[PDB]
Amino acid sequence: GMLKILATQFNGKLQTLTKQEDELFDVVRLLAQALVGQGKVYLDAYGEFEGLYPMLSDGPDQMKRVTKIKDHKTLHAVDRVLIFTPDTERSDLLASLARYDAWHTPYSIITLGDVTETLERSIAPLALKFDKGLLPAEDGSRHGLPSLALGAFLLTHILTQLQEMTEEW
């Protein structure tokens, strides 16, 4: 029934992410640059993706020097920002990107939507194209969208890959 359809459709998306291992490794590499020095990685999450924050403070793959973005803290060129956002039209995201640009702080943007001009400002972008539901209906509408689940899965991957790199040092 619904559980099996949702699970199999969700896994379909996980499999197709394998085709973008390189773009995801570009994200990891960008972030790892902070950790080779005395920079920090900051997660700056928007909307529903604010649910990612407890993964860094309370989660099983948490790590020192990967932390929640702090309002009003000036970042520096050695720091790196990981952004998860539902879309790139948000005014709060735009204000943050203007700040990072002024600080010369690089950022990876992971968007639930498609590729946009704003997304292209990121040195390590990823367009998930996963902003519509997985269960189609009668009228052309769709529902059942495990969007936070996808982001959380990706953050687990990123954290695990970063920690694996760090241990190798």
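Residue numbers here begin at 1 and follow the sequence given.
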When the C-alpha temperature factors are averaged for each of 100-108 and 136-144, which stretch ends up with the higher value in the entry?
136-144
Going by the mean C-alpha B-factor recorded in the entry, which is higher: 66-74 or 118-126?
66-74
Residue 87: C-alpha B-factor third of its chain, per the entry, is the lowest
So where's residue 37 on the chain's Cα temperature factor ranking, which third?
highest
